[PDB]
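Data first, discussion second: the structure below is written as structure tokens.
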Amino acid sequence: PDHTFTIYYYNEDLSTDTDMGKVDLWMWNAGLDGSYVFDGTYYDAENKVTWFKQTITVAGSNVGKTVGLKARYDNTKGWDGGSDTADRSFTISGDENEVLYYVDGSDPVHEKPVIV
């Protein structure tokens, strides 16, 4: 059976009010391909910041595989709209409520980071 995880993304230079629908993830490997668009938000009451959110479904047999990805800032301009500063990656843990925290500028991680 399929596995769904949530991935949060933060970029201080972007806004979850105006840029919603234009910010996505370009992803590859583990069955993933192409664009994956954020369509929700998560308010981080601890850091008092707001994240982009989306859920992503992979095949069950892809749990444990490494995903390559990078954020893109304005997909109405393709790559020319800008992307993250480098290739990122993480491993699909297959946890019950798997959540990835992707701060622009680093690999996404399973534990919630500190933002100021």
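Identifiers in the structure tokens: chain A, B, ... in order shown; residue index from 1 per chain; ligand index from 1 in order shown.
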Set out as CSV a contact list for stretch 59-109 of chain A and stretch 12-33 of chain A with a cut-off of 7 Å, giving each residue of stretch 59-109 of chain A that qualifies its closest atom pair and distance in Å to one decimal, counting only C-alpha atoms, ordered by chain and rising residue number.
residue,atom,partner,partner_atom,distance
A:62,CA,A:30,CA,5.5
A:65,CA,A:30,CA,5.8
A:66,CA,A:30,CA,6.6
A:67,CA,A:29,CA,5.4
A:68,CA,A:28,CA,5.1
A:69,CA,A:27,CA,4.2
A:70,CA,A:26,CA,5.4
A:71,CA,A:25,CA,4.5
A:72,CA,A:24,CA,5.4
A:73,CA,A:23,CA,4.9
A:74,CA,A:22,CA,4.8
A:75,CA,A:22,CA,5.1
A:76,CA,A:22,CA,6.3
Store the residues picked out above in a file with N, CA and C atoms, as a PDB file, in the first residue's frame.
ATOM      1  N   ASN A  62       8.999   2.058  -2.089  1.00  0.00           N
ATOM      2  CA  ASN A  62       9.968   3.145  -2.172  1.00  0.00           C
ATOM      3  C   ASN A  62      10.314   3.740  -0.822  1.00  0.00           C
ATOM      4  N   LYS A  65      14.101   4.672   0.230  1.00  0.00           N
ATOM      5  CA  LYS A  65      14.847   5.239  -0.890  1.00  0.00           C
ATOM      6  C   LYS A  65      15.163   6.713  -0.660  1.00  0.00           C
ATOM      7  N   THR A  66      16.229   7.186  -1.285  1.00  0.00           N
ATOM      8  CA  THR A  66      16.602   8.589  -1.180  1.00  0.00           C
ATOM      9  C   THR A  66      15.958   9.417  -2.292  1.00  0.00           C
ATOM     10  N   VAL A  67      15.358  10.535  -1.902  1.00  0.00           N
ATOM     11  CA  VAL A  67      14.729  11.449  -2.843  1.00  0.00           C
ATOM     12  C   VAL A  67      15.619  12.647  -3.113  1.00  0.00           C
ATOM     13  N   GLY A  68      15.785  12.988  -4.386  1.00  0.00           N
ATOM     14  CA  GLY A  68      16.466  14.215  -4.756  1.00  0.00           C
ATOM     15  C   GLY A  68      15.436  15.300  -4.983  1.00  0.00           C
ATOM     16  N   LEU A  69      15.713  16.512  -4.510  1.00  0.00           N
ATOM     17  CA  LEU A  69      14.773  17.601  -4.702  1.00  0.00           C
ATOM     18  C   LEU A  69      15.410  18.976  -4.541  1.00  0.00           C
ATOM     19  N   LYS A  70      14.720  19.993  -5.048  1.00  0.00           N
ATOM     20  CA  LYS A  70      15.059  21.376  -4.750  1.00  0.00           C
ATOM     21  C   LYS A  70      13.826  22.259  -4.922  1.00  0.00           C
ATOM     22  N   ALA A  71      13.708  23.274  -4.078  1.00  0.00           N
ATOM     23  CA  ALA A  71      12.602  24.214  -4.185  1.00  0.00           C
ATOM     24  C   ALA A  71      12.755  25.111  -5.420  1.00  0.00           C
ATOM     25  N   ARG A  72      11.632  25.541  -5.996  1.00  0.00           N
ATOM     26  CA  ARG A  72      11.627  26.541  -7.071  1.00  0.00           C
ATOM     27  C   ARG A  72      10.668  27.663  -6.692  1.00  0.00           C
ATOM     28  N   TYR A  73      11.090  28.909  -6.900  1.00  0.00           N
ATOM     29  CA  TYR A  73      10.426  30.057  -6.276  1.00  0.00           C
ATOM     30  C   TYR A  73       9.243  30.627  -7.058  1.00  0.00           C
ATOM     31  N   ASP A  74       9.263  30.469  -8.374  1.00  0.00           N
ATOM     32  CA  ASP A  74       8.206  31.028  -9.212  1.00  0.00           C
ATOM     33  C   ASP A  74       8.065  30.184 -10.468  1.00  0.00           C
ATOM     34  N   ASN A  75       7.223  29.160 -10.399  1.00  0.00           N
ATOM     35  CA  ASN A  75       7.139  28.190 -11.484  1.00  0.00           C
ATOM     36  C   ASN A  75       6.399  28.724 -12.708  1.00  0.00           C
ATOM     37  N   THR A  76       5.869  29.940 -12.602  1.00  0.00           N
ATOM     38  CA  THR A  76       5.284  30.610 -13.758  1.00  0.00           C
ATOM     39  C   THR A  76       6.399  31.069 -14.696  1.00  0.00           C
TER      40      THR A  76
END
Long-range neighbours of residue A:42 as a JSON list (two decimals) with N, CA and C atoms, in the first residue's frame, 8 Å cut-off, only C-alpha atoms, 5 positions minimum in chain:
[["chain", "number", "residue", "atom", "x", "y", "z"],
["A", 8, "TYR", "N", 7.07, 20.32, 4.74],
["A", 8, "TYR", "CA", 6.99, 21.75, 4.98],
["A", 8, "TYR", "C", 8.20, 22.45, 4.38],
["A", 50, "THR", "N", 5.50, 30.85, 9.23],
["A", 50, "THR", "CA", 4.57, 30.05, 8.45],
["A", 50, "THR", "C", 5.28, 29.25, 7.36],
["A", 51, "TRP", "N", 4.97, 27.96, 7.27],
["A", 51, "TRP", "CA", 5.56, 27.09, 6.26],
["A", 51, "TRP", "C", 4.61, 26.85, 5.10],
["A", 52, "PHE", "N", 5.16, 26.65, 3.90],
["A", 52, "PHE", "CA", 4.40, 26.03, 2.81],
["A", 52, "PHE", "C", 4.22, 24.56, 3.16],
["A", 53, "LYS", "N", 3.07, 23.97, 2.83],
["A", 53, "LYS", "CA", 2.93, 22.54, 3.05],
["A", 53, "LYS", "C", 2.32, 21.84, 1.84]]
Quiz prompt | Closest of A:9, A:39, A:48, A:34 to residue A:116 - atom-to-atom distances counting only C-alpha atoms | solution = A:48
Quiz prompt | DSSP helix (DSSP H, G or I) selection over chain A, as JSON, numbers by chain | solution = {"A": [60, 61, 62, 75, 76, 77, 78, 79, 80, 81]}
Quiz prompt | residue A:57 environment, 12 Å, only C-alpha atoms, sequence neighbours closer than 4 positions dropped, as an MDAnalysis selection string | solution = chainID A and resid 1:7 30:33 36 61:63 92 94 98
Practice problem: Counting only C-alpha atoms, figure out which residue out of A:112, A:105, A:38, A:64 gets nearest to residue A:91. | Solution: A:64
